[PDB]
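Below is one structure, written out as structure tokens, with a few remarks after it.
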Amino acid sequence: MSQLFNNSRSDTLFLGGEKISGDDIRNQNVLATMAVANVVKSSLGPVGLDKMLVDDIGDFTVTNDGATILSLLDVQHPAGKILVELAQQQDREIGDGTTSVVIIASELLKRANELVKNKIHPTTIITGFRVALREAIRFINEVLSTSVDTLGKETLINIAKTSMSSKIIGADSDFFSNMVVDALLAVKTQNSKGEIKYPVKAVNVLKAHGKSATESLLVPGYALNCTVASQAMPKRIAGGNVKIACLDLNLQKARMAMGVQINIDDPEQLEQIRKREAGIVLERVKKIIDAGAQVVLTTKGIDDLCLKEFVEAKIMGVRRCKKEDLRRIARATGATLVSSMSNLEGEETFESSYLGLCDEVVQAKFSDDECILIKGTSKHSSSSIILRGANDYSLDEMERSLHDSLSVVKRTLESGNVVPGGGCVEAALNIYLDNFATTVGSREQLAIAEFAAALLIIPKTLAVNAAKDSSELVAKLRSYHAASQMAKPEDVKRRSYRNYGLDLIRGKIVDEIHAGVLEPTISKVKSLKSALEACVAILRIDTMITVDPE
Amino acid sequence: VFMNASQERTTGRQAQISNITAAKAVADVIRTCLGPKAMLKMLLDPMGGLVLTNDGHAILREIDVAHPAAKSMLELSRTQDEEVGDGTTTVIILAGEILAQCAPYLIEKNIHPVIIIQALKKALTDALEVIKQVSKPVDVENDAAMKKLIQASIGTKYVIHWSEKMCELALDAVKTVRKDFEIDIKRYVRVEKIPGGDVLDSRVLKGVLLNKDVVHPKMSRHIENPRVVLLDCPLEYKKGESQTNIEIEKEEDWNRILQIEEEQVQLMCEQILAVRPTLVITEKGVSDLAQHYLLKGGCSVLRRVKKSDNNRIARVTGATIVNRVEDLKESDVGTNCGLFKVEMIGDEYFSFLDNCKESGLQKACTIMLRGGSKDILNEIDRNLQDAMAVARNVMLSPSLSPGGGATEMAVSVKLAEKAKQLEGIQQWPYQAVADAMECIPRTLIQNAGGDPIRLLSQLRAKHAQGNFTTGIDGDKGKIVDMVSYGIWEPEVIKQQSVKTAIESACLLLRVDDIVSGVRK
Amino acid sequence: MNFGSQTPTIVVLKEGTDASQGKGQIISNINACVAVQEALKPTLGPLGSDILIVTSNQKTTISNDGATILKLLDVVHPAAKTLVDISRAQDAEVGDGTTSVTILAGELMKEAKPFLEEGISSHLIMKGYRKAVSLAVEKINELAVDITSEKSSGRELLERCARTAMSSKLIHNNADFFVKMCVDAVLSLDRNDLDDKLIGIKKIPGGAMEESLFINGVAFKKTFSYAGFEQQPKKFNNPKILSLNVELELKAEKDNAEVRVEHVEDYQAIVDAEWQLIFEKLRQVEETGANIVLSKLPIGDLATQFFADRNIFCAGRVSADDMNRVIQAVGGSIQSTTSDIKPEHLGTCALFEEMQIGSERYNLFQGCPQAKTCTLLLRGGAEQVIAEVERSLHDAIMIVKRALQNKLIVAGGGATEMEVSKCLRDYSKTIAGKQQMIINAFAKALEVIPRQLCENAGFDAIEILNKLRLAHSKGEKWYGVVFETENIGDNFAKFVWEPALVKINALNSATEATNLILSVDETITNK
Ligand SMILES: Nc1ncnc2c1ncn2[C@@H]1O[C@H](COP(=O)(O)OP(=O)(O)O)[C@@H](O)[C@H]1O
Ligand SMILES: Nc1ncnc2c1ncn2[C@@H]1O[C@H](COP(=O)(O)OP(=O)(O)O)[C@@H](O)[C@H]1O
Ligand SMILES: Nc1ncnc2c1ncn2[C@@H]1O[C@H](COP(=O)(O)OP(=O)(O)O)[C@@H](O)[C@H]1O
Ligand SMILES: [Mg+2]
Ligand SMILES: [Mg+2]
Ligand SMILES: [Mg+2]
């Protein structure tokens with residue numbers, strides 16, 4: 001929207017690029033804001049559609065997550081990097097509301113910039129947003145609903161289906177709902193002296209393309225992606241109480257410390273020194289084999305020298321794997337991860353307490369890939385999910401689709417209070433802020449009234465991607481919510497409304513409780529706080545100064 | 001400017017139209033590659049070689065296609081190959097037609113893609129039940145039934161003339177690798193090829209075929225009962241991980257250094273002679289000094305062997321790979337070796353190891369092939385991998401699906417009957433799936449030279465009344481039944497064709513905009 | 001079957017043609033109109049600021065109104081040309097409010113931005129504007145009060161309406177002297193026939209603006225002044241003005257006539273014959289007693305030599321637009337035949353004097369009570385000030401020009417836009433449909449004119465609009481913003497009045513300009 005550029009003044013000189021001041025900066029900030037905003041508008045909601053990005057090498061990426069889309073976009077505009085890093089901050093902390101926080105913060109900048117031209121000062125505009133946000137958070141606490149009189153896991157099943165929508169797994173969300181809920185409950189641990197916490201990414205995601213996505217099997221235990229060292233080793237271990245050895249020590253021919261230089265005056269010593277180099281490693285592997293360990297995990301590669309004893313003893317060898325993957329195996333099976341093998345005494349020894357326990361250890365071949373399936377862990381339970389699709393590009397989307405579903409359920413069990421989704425909160429915060437600021441009034445009433453209409457961008461964008469009439473649905477969301485705000489908590493009726501609306505599939509106003517769409521209260525909070533700081537930082541900038549690179 | 005973006009951004013309905021048109025062009029190239037009368041496609045690689053085949057997997061693999069949507073169709077070729085290995089051309093043709101036949105709308109009706117996707121998921125579930133009802137189980141222990149089953153993928157290839165000989169090679173290769181459930185893998189099946197010769201003279205021989213002649217002239221090239229021992233360590237003198245750096249004060253110490261190097265290697269040779277092996281195989285290089293003490297005891301020396309061949313040798317003779325010579329015992333020595341011989345061929349020498357054939361570990365076998373040239377060998381090797389993969393599905397899944405386009409047409413009839421009973425808003429996406437299923441048997445008519453209008457009209461009428469086994473004849477282009485046609489195909493091949501094609505179509509329907517060259 | 005090698009695909013449109021469709025094309029078309037509006041926002045209001053524009057020819061032109069500003073810059077984007085057409089149509093038809101029409105036309109597109117982002121297609125948005133523009137015009141006619149009801153004077157009616165257009169120009173401080181000129185300029189013209197070519201202003205470099213004069217006569221300036229000039233008296237009492245379309249020359253523009261004479265004695269006759277033919281037309285002018293001779297075509301030397309002894313002033317090479325302006329005030333009209341000149345075709349006047357200003361001499365006709373024409377001689381330090389005051393008086397004469405045809409009193413200064421907007425809000429409450437939000441947006445879009453009034457004045461526009469809506473609640477009219485007293489109040493007591501053709505055409509042009517671009521969802525540009 002900027003034409004004629006700007007006239008360079010000779011009386012004003014600075015090294016590097018020219019300095020632009022006035023309304024041109026705020027016009028370019030919104031222009032750069034609407035550039036990244038229009039990308040995530042079409043990807044929002046179950047009726048939304050994602051976009052494709054070419055990497056210039058021929059590979060592409062198909063994902064509905066707004067964080068990955070903005071992460072692949074490198075913005076040269078200084079204020080544009082704020083919204084890019086806002087999405088990376090959103091999924092890292094909460095894990096949900098990534099597309100919404102970008103669209104909410106975009107409308108906050110578009111309406112505030114129109115208010116700056118109204119001559120109201122930006123700090124007064126910022127004051128109006130912060131005062132309205134303080135009361136908006138108090139309204140979120142009033143609409144909280146604690147799960148009660150629910151049968152089984154249906155509470156977590158219905159909430160997990162909300163994050164599965166808008167993504168390729170939305171059609172299969174009925175089958176995938178039981179896999180996500182049972183995955184985070186198996187990794188349940190205890191910390192902070194009684195506080196329940198869950199690990200992130202602990203559930204392994206394996207990619208094997210074939211069959212169908214609805215046939216994806218949920219393994220009652222952890223699964224590790226690795227190839228067997230020797231093909232002569234058994235791929236299936238029969239019998240219970242299988243001992244797993246988690247080790248960080250590689251078995252290889254190794255050079256002595258670089259600070260040592262061997263000088264021998266006799267040729268007769270060449271036979272024993274060369275033999276002892278391989279014999280030192282034998283002392284470590286011999287005590288492990290005698291303990292009856294069926295499976296030996298190793299962080300680093302193992303030469304064929306020590307793989308011979310594993311075949312004769314029927315022990316399955318393992319080679320380089322991720323360091324963070326071997327930690328949860330020892331914790332689940334009861335083994336203790338050993339970075340370096342040593343004892344309190346000055347003599348080497350091996351204790352049976354360092355060996356894990358499980359029901360069985362098997363290696364299953366999915367398509368042409370071979371992975372180890374560890375089922376029936378002893379000390380702590382675990383889980384893994386093997387995603388199946390038509391091509392590897394769909395599996396890349398299902399990983400981010402599964403990772404986002406794990407973050408929503410994680411925040412669900414931390415706080416029992418939940419709020420209804422599907423544009424119900426954004427429509428409820430509109431009317432609550434309309435009656436607000438009417439008492440204070442004066443100049444701040446205009447800045448607060450625009451903050452209420454700024455939250456309307458979320459419910460209106462959902463109806464555009466559905467190829468339906470938005471004005472019909474938005475007028476209904478304002479009809480049921482507005483009249484019920486003044487209700488007195490007796491004679492009932494009344495507030496039974498306003499708790500539901502904006503169903504994109506059928507285009508009608510239906511109850512979200514019977515529908516099952518819900519959102520955790522953690523996803524709603526901190527989303528407007530992060531969007532406010534992104535709006536305040538950009539709005540306060542009068543002048544942008546660019547320095548040419550050296 | 002802003003970031004890396006814009007140029008010409010394709011938005012609206014034309015972004016999905018470009019995805020349908022580009023993906024449709026993928027199946028149009030191999031459209032003539034379907035059927036027993038299918039032609040061949042010659043490919044030109046940047047390396048300078050030549051690839052001539054009718055298999056849509058190898059055709060779409062070497063061809064470089066630059067397009068966001070069209071590359072997704074290229075990935076579907078490895079989905080059918082790695083999971084099964086048969087039906088790669090059918091999946092691409094089916095998935096290419098589904099996207100065109102199931103979604104001409106949104107150019108007209110303006111139906112939302114997810115609404116169509118919800119109908120595709122219900123159409124995939126009903127399509128699996130129709131295939132299960134038209135599938136008749138077959139006995140896996142009948143040799144005569146497995147021969148006609150392997151010829152299914154052979155009928156569309158060039159080896160159909162040798163099909164009577166080809167089914168002998170594919171049946172014995174899968175049965176040997178099969179281990180008792182009944183899990184087999186092609187990593188132990190050897191693809192090694194012999195240039196020249198007669199195809200009828202090619203036979204599957206147990207053991208491993210080595211290209212290396214015996215090292216020494218006194219090494220026996222004919223042994224009645226060979227005893228094979230595998231050694232990963234080289235017979236040469238090991239320098240060690242750390243430098244020795246001998247400081248020699250007296251002149252007699254230097255000669256002892258070179259004298260021990262002869263005795264140290266001799267010490268490793270004396271430990272080998274304890275089990276008196278007739279044939280010694282070393283993974284690494286061998287010194288000319290170590291072969292003398294092994295020749296005195298009767299041991300045979302060979303060239304360095306790759307790691308891939310060492311695993312197949314241990315399975316045939318039952319030997320165990322022994323790295324440490326001091327730990328070598330008689331229990332790890334391979335036995336029950338039928339014959340050891342070396343035949344002369346102008347290109348290279350060839351060493352034969354025969355198995356005594358008489359539960360334990362799965363046996364390994366190599367497939368010898370005599371072609372007319374080097375490229376003909378690569379074509380039959382791709383034909384054997386497609387023919388032997390059929391025997392793997394019947395063993396794991398005894399169910400047997402109808403072939404000759406009868407599977408896809410049987411689903412199209414059932415989808416048309418339930419389309420009127422479903423009604424609703426999903427009737428159009430659900431009925432459009434049946435139109436994409438009848439395109440595969442329609443291709444059989446176009447390649448045969450018949451009239452698809454009159455043949456497909458009578459095929460649908462005779463399908464309800466006559467039987468579910470009615471299909472299109474490839475050679476005569478007539479209406480015949482698969483019962484009297486004598487050729488059938490496993491259900492796993494048909495299930496992978498329906499699932500992969502529909503699940504891939506749902507990915508391309510969700511595309512909104514396309515931006516190229518963002519960054520690396 | 002193919003000809004050879006590979007055949008590339010044929011693109012439908014010609015290579016290099018830019019074509020884009022969908023909702024993104026309309027937003028790009030609206031942003032093109034808003035970007036042009038950003039330059040004309042500070043210009044609105046009596047406190048508005050001028051815009052300096054330099055073209056590719058380095059020709060300096062300063063214009064406050066949006067009609068000439070859009071003529072200087074060359075517009076490329078098609079949607080931005082729509083704002084240029086409404087500025088030139090408002091200038092030619094009326095000439096006042098050319099800036100306000102662009103502000104209203106672009107604001108309607110700005111209020112339609114949140115409607116296009118929703119699921120509402122542009123066809124239903126235009127229906128609300130087409131319905132609201134019909135009711136807004138009917139409100140202006142109801143707020144117009146006839147001036148003859150109070151039985152006031154007709155001269156003072158044109159004075160108060162002329163001082164309104166003098167705002168935002170350089171005349172605002174000098175309007176005391178300058179308004180008394182243009183008001184007397186329209187009264188000389190016939191009430192049935194009003195012409196903008198007769199009021200044409202000459203550009204005289206140098207001088208002071210307050211030194212200008214107004215005389216019912218005209219000034220044809222001068223071109224050459226051949227031999228015999230400066231001897232003729234430049235001050236006449238009661239001269240007889242004569243005009244000639246015939247050219248006085250000796251064989252100059254006449255076609256070549258071959259003359260063949262076979263005798264020496266006959267050659268002497270043809271030489272003196274040309275002297276008799278030229279002096280015959282000159283003698284017939286003296287017989288009529290005409291003291292002033294004007295001509296469109298050049299005047300020969302022998303002519304000026306003949307009238308030099310008779311003191312008769314003669315000036316030729318006068319433009320046709322000036323001569324047509326002279327023939328009205330001089331009574332009788334040009335006779336191109338010297339022998340056909342009759343006494344009733346000659347003109348007269350009470351006084352004639354030629355004075356020199358800015359190193360340029362001008363013949364001024366004075367003392368013509370029956371003159372139906374007028375002249376305006378403007379001065380100034382800069383040459384750009386003269387072009388600004390000339391365009392300032394041009395739009396000011398159009399106020400009193402359109403007022404004599406139809407006399408209607410309409411509020412101004414944001415008083416009309418706020419009164420019509422409230423009547424639309426009460427009507428929108430009974431719609432109960434998609435048009436309810438469009439009419440409320442249309443009434444809110446009409447408030448943009450009072451916005452730039454307060455913004456350019458330094459006062460806040462939030463507090464003023466709040467005081468308006470509370471005041472407009474009860475029945476009020478002419479109530480608007482006042483810059484002098486700093487408080488908003490009744491403009492009827494301030495005597496500031498505006499014609500009805502300004503507000504009626506502003507609503508019809510803004511709606512027509514808005515519905516034209518919103519109806520185009522795709523733009524194709526070849527080459
Ligand atoms: N099935 C559904 N029905 C109605 N509303 C939904 C549904 N799924 C998600 N939503 C709404 O869409 C909003 C965004 O969801 P989603 O796009 O999945 O997350 P993100 O915006 O972080 O990508 C949520 O606030 C939720 O209320
Ligand atoms: N002789 C034949 N007559 C009719 N149809 C056949 C014949 N052979 C194969 N088909 C059909 O062609 C399809 C693909 O078979 P084939 O060409 O062997 O695999 P691919 O298409 O992967 O090369 C099968 O579904 C089968 O129904
Ligand atoms: N004396 C005045 N008091 C209040 N408002 C005025 C006055 N004179 C002009 N205006 C307002 O200023 C606006 C701009 O007027 P001006 O710039 O003089 O001509 P134009 O309307 O052609 O741009 C008009 O719409 C009018 O309503
Ligand atoms: Mg989500
Ligand atoms: Mg085949
Ligand atoms: Mg004006």
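Going through the structure tokens in order, the chains are called A, B, and so on, while each chain numbers its residues from 1 and the ligands are numbered from 1 in the order shown.
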Which residues of chain C have any atom within 10 Å of an atom in chain B when counting only C-alpha atoms, and what is the closest pair of atoms for each, with the distance in Å to one decimal? Order the rows by chain and rising number and write it as a Markdown table.
| residue | atom | partner | partner_atom | distance |
| --- | --- | --- | --- | --- |
| C:18 | CA | B:8 | CA | 9.7 |
| C:20 | CA | B:10 | CA | 8.9 |
| C:21 | CA | B:12 | CA | 8.3 |
| C:22 | CA | B:12 | CA | 6.8 |
| C:23 | CA | B:12 | CA | 9.0 |
| C:24 | CA | B:11 | CA | 8.9 |
Include N, CA and C atoms and write out the residues we just selected as a compact mmCIF listing (two decimals), in the first residue's frame.
# COMPACT_ATOMS: atom_id res chain seq x y z
N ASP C 18 -0.69 -10.41 -17.54
CA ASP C 18 -0.93 -10.58 -16.11
C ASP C 18 -2.42 -10.77 -15.88
N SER C 20 -5.12 -12.45 -12.83
CA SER C 20 -5.34 -13.05 -11.52
C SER C 20 -6.80 -12.87 -11.14
N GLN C 21 -7.37 -13.91 -10.53
CA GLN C 21 -8.78 -13.93 -10.16
C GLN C 21 -8.92 -14.37 -8.71
N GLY C 22 -10.11 -14.19 -8.17
CA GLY C 22 -10.42 -14.53 -6.79
C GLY C 22 -10.53 -13.29 -5.92
N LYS C 23 -10.72 -13.55 -4.62
CA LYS C 23 -10.85 -12.46 -3.66
C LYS C 23 -9.58 -11.64 -3.52
N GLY C 24 -8.42 -12.22 -3.84
CA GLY C 24 -7.17 -11.49 -3.75
C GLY C 24 -7.03 -10.38 -4.77
At a cut-off of 9 Å, using only C-alpha atoms, what residues contact segment 237-251 of chain B? Leave out same-chain residues fewer than 2 positions from it and give the result as a ChimeraX atom specification. /A:253-256,261-267,270,274,277 /B:234-235,253-255,257,261-262,264-265,287
Write to file, as a PDB file, in the first residue's frame, the residues of the selection just made, with C-alpha atoms.
ATOM      1  CA  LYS A 253      39.501 -52.564  18.715  1.00  0.00           C
ATOM      2  CA  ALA A 254      40.588 -49.333  20.401  1.00  0.00           C
ATOM      3  CA  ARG A 255      43.756 -47.254  20.398  1.00  0.00           C
ATOM      4  CA  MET A 256      45.479 -46.521  23.690  1.00  0.00           C
ATOM      5  CA  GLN A 261      53.965 -43.960  23.049  1.00  0.00           C
ATOM      6  CA  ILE A 262      54.956 -47.634  23.040  1.00  0.00           C
ATOM      7  CA  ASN A 263      58.701 -48.294  22.752  1.00  0.00           C
ATOM      8  CA  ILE A 264      59.873 -51.914  22.963  1.00  0.00           C
ATOM      9  CA  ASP A 265      63.464 -53.169  22.875  1.00  0.00           C
ATOM     10  CA  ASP A 266      62.523 -56.814  22.231  1.00  0.00           C
ATOM     11  CA  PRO A 267      60.668 -58.398  19.287  1.00  0.00           C
ATOM     12  CA  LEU A 270      54.964 -57.838  19.967  1.00  0.00           C
ATOM     13  CA  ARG A 274      48.941 -56.952  20.210  1.00  0.00           C
ATOM     14  CA  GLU A 277      44.707 -54.890  22.987  1.00  0.00           C
TER      15      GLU A 277
ATOM     16  CA  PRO B 234      42.795 -61.041   7.348  1.00  0.00           C
ATOM     17  CA  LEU B 235      45.508 -63.684   7.173  1.00  0.00           C
ATOM     18  CA  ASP B 253      66.881 -57.821  16.985  1.00  0.00           C
ATOM     19  CA  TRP B 254      65.870 -56.561  13.530  1.00  0.00           C
ATOM     20  CA  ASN B 255      66.025 -60.007  11.917  1.00  0.00           C
ATOM     21  CA  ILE B 257      61.168 -58.772  13.895  1.00  0.00           C
ATOM     22  CA  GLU B 261      56.056 -61.947  11.242  1.00  0.00           C
ATOM     23  CA  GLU B 262      56.536 -65.281   9.471  1.00  0.00           C
ATOM     24  CA  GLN B 264      53.066 -65.136  13.916  1.00  0.00           C
ATOM     25  CA  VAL B 265      51.114 -65.760  10.710  1.00  0.00           C
ATOM     26  CA  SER B 287      49.095 -62.725   2.211  1.00  0.00           C
TER      27      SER B 287
END
At a cut-off of 7 Å, which residues of chain A touch chain B? Count only C-alpha atoms and give the answer as number ranges by chain. A: 47, 49-56, 58, 60, 73-77, 171, 209-212, 231, 254-256, 262-267, 274, 305, 308, 367-368, 389-391, 466
Write out the residues from the selection above, keeping N, CA and C atoms, as a compact mmCIF listing (two decimals), in the first residue's frame.
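The resulting file, out37.txt, is shown below:
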# COMPACT_ATOMS: atom_id res chain seq x y z
N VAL A 47 -12.45 -27.51 8.07
CA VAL A 47 -12.69 -27.21 6.66
C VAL A 47 -11.50 -26.53 6.00
N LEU A 49 -7.54 -25.96 4.57
CA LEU A 49 -6.66 -26.72 3.68
C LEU A 49 -5.24 -26.21 3.84
N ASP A 50 -4.29 -27.15 3.91
CA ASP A 50 -2.89 -26.80 4.11
C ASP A 50 -2.25 -26.37 2.80
N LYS A 51 -0.96 -26.03 2.87
CA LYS A 51 -0.21 -25.55 1.72
C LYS A 51 1.06 -26.37 1.55
N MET A 52 1.66 -26.24 0.37
CA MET A 52 2.87 -26.98 0.01
C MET A 52 4.01 -26.00 -0.23
N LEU A 53 5.21 -26.40 0.18
CA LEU A 53 6.40 -25.56 0.06
C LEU A 53 7.52 -26.38 -0.56
N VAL A 54 8.10 -25.87 -1.65
CA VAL A 54 9.17 -26.56 -2.36
C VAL A 54 10.51 -26.14 -1.77
N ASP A 55 11.40 -27.11 -1.58
CA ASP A 55 12.70 -26.88 -0.98
C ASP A 55 13.79 -26.56 -2.00
N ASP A 56 13.43 -26.44 -3.28
CA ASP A 56 14.27 -26.12 -4.43
C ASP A 56 15.10 -27.34 -4.85
N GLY A 58 13.67 -30.32 -5.13
CA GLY A 58 12.66 -31.24 -5.58
C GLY A 58 11.79 -31.81 -4.47
N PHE A 60 9.40 -31.54 -1.12
CA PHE A 60 8.40 -30.61 -0.61
C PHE A 60 8.00 -31.02 0.80
N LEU A 73 9.51 -20.42 6.26
CA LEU A 73 9.51 -19.10 5.63
C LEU A 73 10.49 -18.21 6.39
N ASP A 74 11.56 -17.80 5.71
CA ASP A 74 12.56 -16.90 6.29
C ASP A 74 12.18 -15.48 5.91
N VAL A 75 11.77 -14.69 6.90
CA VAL A 75 11.25 -13.34 6.67
C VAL A 75 12.39 -12.35 6.84
N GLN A 76 12.64 -11.56 5.80
CA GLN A 76 13.66 -10.51 5.87
C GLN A 76 13.15 -9.26 6.56
N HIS A 77 11.84 -9.11 6.71
CA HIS A 77 11.29 -7.94 7.39
C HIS A 77 11.53 -8.07 8.89
N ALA A 171 -10.08 -37.67 9.53
CA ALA A 171 -11.04 -38.68 9.10
C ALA A 171 -10.85 -39.98 9.87
N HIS A 209 5.38 -47.08 5.26
CA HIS A 209 4.28 -46.80 4.34
C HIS A 209 3.76 -48.11 3.76
N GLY A 210 2.49 -48.39 4.00
CA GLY A 210 1.87 -49.59 3.48
C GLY A 210 0.55 -49.84 4.17
N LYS A 211 -0.23 -50.74 3.57
CA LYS A 211 -1.56 -51.12 4.05
C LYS A 211 -2.40 -49.85 4.16
N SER A 212 -2.99 -49.54 5.31
CA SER A 212 -3.79 -48.34 5.48
C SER A 212 -3.46 -47.71 6.82
N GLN A 231 23.47 -60.74 11.06
CA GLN A 231 22.26 -61.39 10.58
C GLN A 231 22.11 -62.82 11.10
N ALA A 254 40.43 -50.72 20.01
CA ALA A 254 40.59 -49.33 20.40
C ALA A 254 42.06 -48.99 20.56
N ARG A 255 42.40 -47.75 20.21
CA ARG A 255 43.76 -47.25 20.40
C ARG A 255 43.95 -46.79 21.83
N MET A 256 45.16 -46.99 22.36
CA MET A 256 45.48 -46.52 23.69
C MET A 256 45.58 -44.99 23.68
N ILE A 262 54.40 -46.32 22.72
CA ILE A 262 54.96 -47.63 23.04
C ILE A 262 56.33 -47.76 22.40
N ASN A 263 57.34 -48.05 23.22
CA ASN A 263 58.70 -48.29 22.75
C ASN A 263 59.19 -49.60 23.37
N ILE A 264 59.48 -50.58 22.52
CA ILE A 264 59.87 -51.91 22.96
C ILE A 264 61.26 -52.22 22.42
N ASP A 265 62.12 -52.78 23.27
CA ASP A 265 63.46 -53.17 22.87
C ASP A 265 63.57 -54.64 22.48
N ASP A 266 62.48 -55.40 22.56
CA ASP A 266 62.52 -56.81 22.23
C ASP A 266 61.43 -57.14 21.21
N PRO A 267 61.74 -57.94 20.19
CA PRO A 267 60.67 -58.40 19.29
C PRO A 267 59.70 -59.37 19.93
N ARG A 274 50.00 -56.97 21.21
CA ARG A 274 48.94 -56.95 20.21
C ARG A 274 47.75 -57.80 20.64
N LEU A 305 34.62 -58.21 15.94
CA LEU A 305 35.47 -58.98 16.84
C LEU A 305 34.66 -59.53 18.01
N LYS A 308 31.22 -62.20 17.58
CA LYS A 308 31.30 -63.65 17.46
C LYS A 308 30.75 -64.34 18.71
N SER A 367 7.39 -53.46 6.07
CA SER A 367 7.81 -53.21 4.68
C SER A 367 9.24 -53.71 4.56
N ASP A 368 10.19 -52.90 4.08
CA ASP A 368 11.58 -53.30 4.01
C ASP A 368 12.40 -52.84 5.21
N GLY A 389 1.00 -44.96 5.91
CA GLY A 389 0.37 -44.09 4.93
C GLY A 389 0.72 -44.52 3.53
N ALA A 390 0.24 -43.75 2.56
CA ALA A 390 0.49 -44.06 1.16
C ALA A 390 1.92 -43.73 0.75
N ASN A 391 2.44 -42.59 1.19
CA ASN A 391 3.79 -42.17 0.86
C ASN A 391 4.45 -41.57 2.09
N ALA A 466 -15.19 -23.05 4.61
CA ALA A 466 -16.22 -24.07 4.44
C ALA A 466 -17.11 -23.82 3.23
Applying 7 Å and only C-alpha atoms, which residues near residue 448 of chain B remain after dropping the ones on its own chain fewer than 2 positions away? List them as a short mmCIF file (atom, residue, chain, number, x, y, z; two decimals) with N, CA, C and O atoms, in the first residue's frame.
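Written out: part-v9.cif:
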data_model
loop_
_atom_site.label_atom_id
_atom_site.label_comp_id
_atom_site.auth_asym_id
_atom_site.auth_seq_id
_atom_site.Cartn_x
_atom_site.Cartn_y
_atom_site.Cartn_z
N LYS B 37 -0.73 -57.51 -23.20
CA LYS B 37 -0.27 -56.95 -24.46
C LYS B 37 0.50 -55.66 -24.27
O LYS B 37 0.83 -54.99 -25.26
N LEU B 444 -7.50 -52.73 -20.20
CA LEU B 444 -7.27 -54.04 -20.82
C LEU B 444 -7.90 -54.13 -22.20
O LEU B 444 -7.39 -54.83 -23.08
N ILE B 445 -9.02 -53.43 -22.41
CA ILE B 445 -9.69 -53.46 -23.70
C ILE B 445 -8.98 -52.56 -24.70
O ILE B 445 -8.82 -52.92 -25.87
N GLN B 446 -8.54 -51.38 -24.26
CA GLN B 446 -7.86 -50.45 -25.16
C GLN B 446 -6.54 -51.02 -25.66
O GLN B 446 -6.16 -50.77 -26.81
N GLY B 450 -10.15 -53.83 -28.65
CA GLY B 450 -11.58 -54.03 -28.71
C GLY B 450 -12.37 -52.76 -28.45
O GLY B 450 -11.83 -51.67 -28.27
N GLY B 474 -7.44 -61.04 -21.80
CA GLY B 474 -6.37 -60.19 -22.30
C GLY B 474 -6.06 -60.42 -23.76
O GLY B 474 -5.96 -59.48 -24.55
N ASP B 475 -5.89 -61.69 -24.15
CA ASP B 475 -5.46 -62.00 -25.52
C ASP B 475 -6.60 -61.82 -26.52
O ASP B 475 -6.43 -61.15 -27.55
N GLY B 477 -9.65 -60.43 -25.93
CA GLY B 477 -10.51 -59.28 -25.70
C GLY B 477 -11.98 -59.62 -25.60
O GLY B 477 -12.83 -58.83 -26.02
#
Every residue of segment 347-496 of chain A that DSSP places in strand (DSSP E or B), as a list in words: residues 355, 358, 359, 360, 361, 362, 363, 364, 365, 366, 369, 370, 371, 372, 373, 374, 375, 376, 377, 384, 385, 386, 387, 417, 418, 419 and 420 of chain A
Can I get the residues of chain B within 8 Å of ligand 5, each with the closest pair of atoms and their distance in Å to one decimal, using only C-alpha atoms and all ligand atoms, sorted chain first then ascending number, as CSV?
residue,atom,partner,partner_atom_place_in_ligand_line,distance
B:55,CA,ligand 5,1 (Mg),7.8
B:86,CA,ligand 5,1 (Mg),5.0
B:87,CA,ligand 5,1 (Mg),5.2
B:88,CA,ligand 5,1 (Mg),7.5
B:89,CA,ligand 5,1 (Mg),7.8
B:152,CA,ligand 5,1 (Mg),6.9
B:153,CA,ligand 5,1 (Mg),3.8
B:154,CA,ligand 5,1 (Mg),7.0
B:156,CA,ligand 5,1 (Mg),6.7
B:157,CA,ligand 5,1 (Mg),8.0
B:386,CA,ligand 5,1 (Mg),6.4
B:387,CA,ligand 5,1 (Mg),7.6
